[PDB]
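Okay, structure first, notes after.
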Amino acid sequence: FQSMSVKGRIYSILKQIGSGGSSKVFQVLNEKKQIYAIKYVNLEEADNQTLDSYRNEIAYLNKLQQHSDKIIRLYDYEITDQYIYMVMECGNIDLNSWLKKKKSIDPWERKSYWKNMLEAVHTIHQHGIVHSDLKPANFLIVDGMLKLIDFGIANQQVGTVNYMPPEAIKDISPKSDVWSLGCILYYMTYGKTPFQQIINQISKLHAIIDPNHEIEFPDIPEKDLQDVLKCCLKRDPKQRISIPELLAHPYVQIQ
Ligand SMILES: COc1ccccc1Nc1cc2[nH]c(-c3cnco3)cc2cn1
């Protein structure tokens, strides 16, 4: 019923999808009755460092459009001193809500999603971006295809420590993203993150960095999937598999 204008084009709001601090995401319809997602950002209480982090992220989203379809489509935007309006493609659901709603995941679906995550994250690395806070909430299902929605640049399932690499707890390398992606895949395999059993956040951080804390990798029919997991979840980033290596791995390549 409500409406909004973005670069002269009018959009009618269908429903609110997301909500950040000063941001809101809405499912909308244009004049041609085409569906889109509009992200609204209130810049009223935003300082210069915040504004520039927002502008840097918008520029990377706009640039990386061309380089990969595993990155969310950004059709247009309007930016003033009071607000940002971002016209994007609308997803069906984020990966976190999908993983929470669905109990068991198909191995084919899992493999397909993993490929998409690698392609998206690989793309940002080729441009010098290390996300450093990947979690299922950063991925959107858009027509049986996972797409990355953000680059971790803009000032921010927020707070979560379950996908955090041991090197990030000690303190900035593409290997940090590999650990996080490994945690997402571990969740899509075992239905839990590697340290989800630890309630206490301090004890949890202690176990992620603890080399004497053996991560369990229960036996599964996909031995190649178990290997990817063991390779991503190597505490020493030097011993950790890289994205180009993950793309050549049997799990992703072999039918
Ligand atoms: C029906 O739409 C959804 C329902 C539940 C969760 C997600 C979606 N779809 C959606 C959510 C979105 N969030 C962003 C976004 C937030 N920050 C940058 O892009 C784009 C987007 C595009 N489509």
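Identifiers for the structure tokens are assigned positionally: chains receive A, B, ... in sequence, residues are indexed from 1 per chain, and ligands are indexed from 1 in the order shown.
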Which protein, DNA or RNA residues have an atom within 10 Å of ligand 1, counting only C-alpha atoms and all ligand atoms, as a CSV table (one decimal) with N, CA, C and O atoms, in the first residue's frame?
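Okay, this is what ended up in result_1.csv:
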```
chain,number,residue,atom,x,y,z
A,14,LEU,N,5.5,-4.3,-0.7
A,14,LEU,CA,4.7,-5.4,-0.5
A,14,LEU,C,4.8,-5.8,0.9
A,14,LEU,O,3.8,-6.0,1.6
A,15,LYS,N,6.0,-5.9,1.5
A,15,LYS,CA,6.3,-6.3,2.8
A,15,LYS,C,7.8,-6.0,3.2
A,15,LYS,O,8.6,-5.8,2.3
A,16,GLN,N,8.0,-5.9,4.5
A,16,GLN,CA,9.4,-5.7,5.0
A,16,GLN,C,10.1,-7.0,5.1
A,16,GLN,O,9.5,-7.9,5.8
A,17,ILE,N,11.2,-7.2,4.5
A,17,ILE,CA,12.0,-8.4,4.6
A,17,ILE,C,13.0,-8.3,5.8
A,17,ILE,O,12.8,-9.1,6.7
A,18,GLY,N,13.9,-7.4,5.8
A,18,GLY,CA,14.9,-7.2,6.8
A,18,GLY,C,14.9,-5.9,7.5
A,18,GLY,O,14.2,-5.0,7.1
A,19,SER,N,15.7,-5.9,8.6
A,19,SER,CA,15.9,-4.7,9.5
A,19,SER,C,17.3,-4.8,10.1
A,19,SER,O,17.6,-5.8,10.8
A,20,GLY,N,18.1,-3.7,9.9
A,20,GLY,CA,19.4,-3.5,10.5
A,20,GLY,C,19.2,-2.5,11.6
A,20,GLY,O,18.1,-2.5,12.3
A,23,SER,N,18.9,0.7,8.9
A,23,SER,CA,18.5,0.1,7.7
A,23,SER,C,17.3,-0.8,7.7
A,23,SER,O,17.0,-1.4,8.7
A,24,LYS,N,16.5,-0.9,6.6
A,24,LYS,CA,15.4,-1.7,6.4
A,24,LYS,C,15.4,-2.3,5.0
A,24,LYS,O,15.8,-1.6,4.1
A,25,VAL,N,15.0,-3.5,4.7
A,25,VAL,CA,14.9,-4.1,3.4
A,25,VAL,C,13.4,-4.4,3.1
A,25,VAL,O,12.8,-5.0,4.0
A,26,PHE,N,12.9,-4.0,2.0
A,26,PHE,CA,11.6,-4.2,1.6
A,26,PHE,C,11.4,-5.0,0.3
A,26,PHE,O,12.2,-4.7,-0.6
A,27,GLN,N,10.5,-5.9,0.2
A,27,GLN,CA,10.1,-6.5,-1.0
A,27,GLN,C,9.1,-5.5,-1.7
A,27,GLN,O,8.2,-5.0,-1.0
A,28,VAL,N,9.4,-5.2,-3.0
A,28,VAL,CA,8.7,-4.1,-3.7
A,28,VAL,C,8.3,-4.5,-5.1
A,28,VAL,O,8.8,-5.5,-5.7
A,35,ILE,N,9.2,-7.6,-9.5
A,35,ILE,CA,9.6,-7.7,-8.1
A,35,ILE,C,11.1,-7.4,-7.8
A,35,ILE,O,11.9,-7.7,-8.7
A,36,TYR,N,11.4,-6.7,-6.8
A,36,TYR,CA,12.7,-6.2,-6.4
A,36,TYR,C,12.8,-6.2,-4.8
A,36,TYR,O,11.7,-6.1,-4.1
A,37,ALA,N,14.0,-6.0,-4.3
A,37,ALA,CA,14.3,-5.8,-2.9
A,37,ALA,C,14.9,-4.4,-2.8
A,37,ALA,O,15.8,-4.0,-3.6
A,38,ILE,N,14.3,-3.5,-2.0
A,38,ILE,CA,14.9,-2.2,-1.8
A,38,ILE,C,15.4,-2.1,-0.4
A,38,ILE,O,14.7,-2.3,0.6
A,39,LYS,N,16.7,-1.8,-0.3
A,39,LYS,CA,17.3,-1.6,1.0
A,39,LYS,C,17.3,0.0,1.2
A,39,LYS,O,17.9,0.7,0.4
A,40,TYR,N,16.7,0.4,2.3
A,40,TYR,CA,16.6,1.7,2.8
A,40,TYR,C,17.6,1.9,4.0
A,40,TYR,O,17.6,1.0,4.9
A,41,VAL,N,18.5,2.9,3.9
A,41,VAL,CA,19.5,3.2,5.0
A,41,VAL,C,19.3,4.7,5.4
A,41,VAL,O,19.3,5.6,4.6
A,57,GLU,N,31.4,-0.1,0.3
A,57,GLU,CA,30.6,-1.3,0.0
A,57,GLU,C,29.7,-1.3,-1.2
A,57,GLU,O,29.7,-2.2,-2.0
A,58,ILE,N,29.0,-0.1,-1.4
A,58,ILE,CA,28.1,0.1,-2.5
A,58,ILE,C,28.9,0.1,-3.9
A,58,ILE,O,28.5,-0.5,-4.8
A,61,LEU,N,29.9,-3.6,-4.5
A,61,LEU,CA,28.7,-4.3,-5.0
A,61,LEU,C,28.4,-3.9,-6.5
A,61,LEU,O,28.2,-4.8,-7.3
A,72,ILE,N,24.7,-10.7,-5.6
A,72,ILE,CA,23.4,-10.1,-5.7
A,72,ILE,C,23.4,-9.0,-6.7
A,72,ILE,O,24.3,-8.2,-6.8
A,73,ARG,N,22.3,-8.9,-7.5
A,73,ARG,CA,22.1,-7.9,-8.6
A,73,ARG,C,21.7,-6.6,-7.9
A,73,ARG,O,20.8,-6.5,-7.1
A,74,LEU,N,22.4,-5.5,-8.3
A,74,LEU,CA,22.2,-4.2,-7.8
A,74,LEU,C,21.9,-3.4,-9.1
A,74,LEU,O,22.7,-3.2,-9.9
A,86,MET,N,18.7,1.3,-2.3
A,86,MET,CA,19.4,0.4,-3.2
A,86,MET,C,18.4,-0.5,-3.8
A,86,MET,O,17.7,-1.2,-3.1
A,87,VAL,N,18.2,-0.5,-5.1
A,87,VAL,CA,17.3,-1.4,-5.9
A,87,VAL,C,18.1,-2.6,-6.3
A,87,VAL,O,19.0,-2.6,-7.1
A,88,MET,N,17.7,-3.7,-5.7
A,88,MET,CA,18.3,-5.0,-5.9
A,88,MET,C,17.3,-6.1,-6.3
A,88,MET,O,16.1,-5.9,-6.2
A,89,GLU,N,17.9,-7.2,-6.8
A,89,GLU,CA,17.0,-8.4,-7.1
A,89,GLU,C,16.5,-9.0,-5.8
A,89,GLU,O,17.2,-8.8,-4.7
A,90,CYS,N,15.3,-9.5,-5.8
A,90,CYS,CA,14.7,-10.1,-4.6
A,90,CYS,C,15.0,-11.6,-4.5
A,90,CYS,O,14.8,-12.3,-5.5
A,91,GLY,N,15.5,-12.0,-3.4
A,91,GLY,CA,15.8,-13.4,-3.1
A,91,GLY,C,14.5,-14.1,-2.6
A,91,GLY,O,13.5,-13.4,-2.4
A,92,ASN,N,14.6,-15.4,-2.5
A,92,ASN,CA,13.4,-16.1,-2.0
A,92,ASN,C,13.5,-16.2,-0.4
A,92,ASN,O,12.4,-16.1,0.2
A,93,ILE,N,14.7,-16.3,0.1
A,93,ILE,CA,15.0,-16.5,1.5
A,93,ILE,C,16.5,-16.4,1.7
A,93,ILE,O,17.2,-16.7,0.7
A,94,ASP,N,17.0,-16.1,2.9
A,94,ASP,CA,18.4,-16.1,3.2
A,94,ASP,C,18.8,-17.6,3.5
A,94,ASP,O,17.9,-18.3,3.8
A,95,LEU,N,20.1,-17.9,3.4
A,95,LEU,CA,20.5,-19.3,3.7
A,95,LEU,C,20.3,-19.7,5.2
A,95,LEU,O,19.9,-20.8,5.4
A,96,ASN,N,20.5,-18.7,6.1
A,96,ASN,CA,20.3,-19.0,7.6
A,96,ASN,C,18.8,-19.4,7.9
A,96,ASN,O,18.6,-20.5,8.5
A,97,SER,N,17.8,-18.7,7.4
A,97,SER,CA,16.4,-19.0,7.6
A,97,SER,C,16.0,-20.4,6.9
A,97,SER,O,15.2,-21.1,7.4
A,98,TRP,N,16.7,-20.6,5.8
A,98,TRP,CA,16.4,-21.9,5.0
A,98,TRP,C,17.0,-23.1,5.8
A,98,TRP,O,16.2,-24.1,5.9
A,137,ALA,N,23.7,-16.0,7.0
A,137,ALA,CA,22.9,-14.8,6.8
A,137,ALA,C,23.3,-13.9,5.6
A,137,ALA,O,22.5,-13.2,5.1
A,138,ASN,N,24.6,-14.1,5.2
A,138,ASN,CA,25.2,-13.3,4.1
A,138,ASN,C,24.9,-13.9,2.7
A,138,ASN,O,25.2,-13.2,1.7
A,139,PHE,N,24.3,-15.0,2.7
A,139,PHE,CA,23.9,-15.7,1.5
A,139,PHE,C,22.4,-15.7,1.3
A,139,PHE,O,21.7,-16.0,2.2
A,140,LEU,N,22.0,-15.5,0.0
A,140,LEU,CA,20.6,-15.5,-0.3
A,140,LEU,C,20.3,-16.5,-1.4
A,140,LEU,O,21.1,-16.6,-2.4
A,141,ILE,N,19.2,-17.3,-1.2
A,141,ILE,CA,18.8,-18.2,-2.3
A,141,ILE,C,17.9,-17.4,-3.2
A,141,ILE,O,16.9,-16.8,-2.8
A,142,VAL,N,18.3,-17.4,-4.5
A,142,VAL,CA,17.7,-16.7,-5.6
A,142,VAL,C,17.6,-17.7,-6.8
A,142,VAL,O,18.6,-17.8,-7.5
A,147,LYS,N,23.6,-16.5,-3.6
A,147,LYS,CA,24.3,-15.2,-4.0
A,147,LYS,C,24.7,-14.5,-2.7
A,147,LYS,O,24.0,-14.5,-1.7
A,148,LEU,N,25.9,-14.0,-2.7
A,148,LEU,CA,26.5,-13.2,-1.6
A,148,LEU,C,25.8,-11.8,-1.6
A,148,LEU,O,25.7,-11.2,-2.6
A,149,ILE,N,25.4,-11.4,-0.4
A,149,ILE,CA,24.7,-10.1,-0.4
A,149,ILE,C,25.5,-8.9,0.1
A,149,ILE,O,25.2,-7.8,-0.1
A,150,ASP,N,26.6,-9.2,0.8
A,150,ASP,CA,27.5,-8.2,1.3
A,150,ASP,C,28.9,-8.6,1.4
A,150,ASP,O,29.3,-9.8,1.3
A,151,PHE,N,29.8,-7.6,1.5
A,151,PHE,CA,31.2,-7.8,1.5
A,151,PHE,C,32.0,-7.6,2.8
A,151,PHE,O,33.2,-7.6,2.8
A,154,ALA,N,30.8,-2.5,5.0
A,154,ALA,CA,29.9,-1.6,5.7
A,154,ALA,C,29.9,-1.8,7.2
A,154,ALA,O,29.8,-3.0,7.6
```
Using only C-alpha atoms, what does the table of region 186-207 of chain A residues within 12 Å of region 169-175 of chain A look like, with each row giving the shortest atom pair and its distance in Å to one decimal, sorted by chain and ascending number, as a tab-separated table?
```
residue	atom	partner	partner_atom	distance
A:201	CA	A:169	CA	11.8
A:202	CA	A:169	CA	10.7
A:204	CA	A:169	CA	10.8
A:205	CA	A:169	CA	7.1
A:206	CA	A:169	CA	9.0
A:207	CA	A:169	CA	10.8
```
Dump N, CA, C and O atoms for the selected residues as a compact mmCIF listing (two decimals), in the first residue's frame?
```txt
# COMPACT_ATOMS: atom_id res chain seq x y z
N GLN A 201 30.38 -18.22 25.62
CA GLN A 201 31.16 -17.61 24.53
C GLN A 201 32.66 -17.55 24.78
O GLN A 201 33.42 -17.71 23.83
N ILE A 202 33.09 -17.35 26.05
CA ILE A 202 34.51 -17.33 26.41
C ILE A 202 35.12 -18.72 26.19
O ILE A 202 36.11 -18.84 25.47
N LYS A 204 33.91 -21.05 24.35
CA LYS A 204 33.80 -21.30 22.91
C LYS A 204 35.02 -20.72 22.18
O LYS A 204 35.66 -21.45 21.42
N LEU A 205 35.39 -19.44 22.46
CA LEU A 205 36.56 -18.78 21.87
C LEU A 205 37.85 -19.51 22.26
O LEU A 205 38.73 -19.67 21.42
N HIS A 206 37.92 -20.01 23.52
CA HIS A 206 39.05 -20.79 24.03
C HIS A 206 39.23 -22.08 23.22
O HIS A 206 40.37 -22.42 22.92
N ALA A 207 38.13 -22.76 22.86
CA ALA A 207 38.15 -24.01 22.09
C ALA A 207 38.50 -23.84 20.60
O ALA A 207 39.16 -24.71 20.03
```
*Got a sec: who's within 7 Å of residue 120 (chain A), counting only C-alpha atoms, leaving out chain neighbours fewer than 3 positions off, as a ChimeraX atom specification?*
/A:68,70-71,116-117,123-124,147-148
*Mind checking DSSP for region 63-244 of chain A and telling me the helix (DSSP H, G or I) residues as an MDAnalysis selection string?*
chainID A and resid 63:67 95:101 107:125 136:138 166:170 174:190 201:209 223:232 243:244
*Atom-to-atom span, CA of residue 194 (chain A) and CA of residue 163 (chain A), Å*: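 Distance between the two atoms: 8.6 Å.
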*region 187-191 of chain A surroundings by only C-alpha atoms, 9 Å radius, close-in-sequence under 3 positions cut, as JSON, numbers by chain*: {"A": [99, 103, 104, 105, 107, 110, 182, 183, 184, 194, 217, 218, 220, 225, 226]}
*Could you check which of A:11, A:54, A:186, A:75 is closest to residue 29 (chain A), using only C-alpha atoms?*
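Looking only at the distances to residue 29 (chain A), the closest residue turns out to be A:11.
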_Residues flagged strand (DSSP E or B) by DSSP in region 75-232 of chain A, as number ranges by chain_ = A: 75-79, 83-88, 93-94, 139-141, 146-148
*Can you tell me, as a PyMOL selection string, what residues are no more than 12 Å from residue 227 (chain A) when counting only C-alpha atoms, ignoring any on the same chain fewer than 6 positions away?*
chain A and resi 182+185-186+217-221+233-234+240-241+246+249-252
*Hey, can you check how far CA of residue 166 (chain A) sits from CA of residue 235 (chain A)?*
6.2 Å
*asked:* Using only C-alpha atoms for the distances, tell me which of A:145, A:232, A:129, A:6 is nearest to residue 76 (chain A).
replied: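 Of A:145, A:232, A:129, A:6, the one nearest residue 76 (chain A), counting only C-alpha atoms, is A:6.
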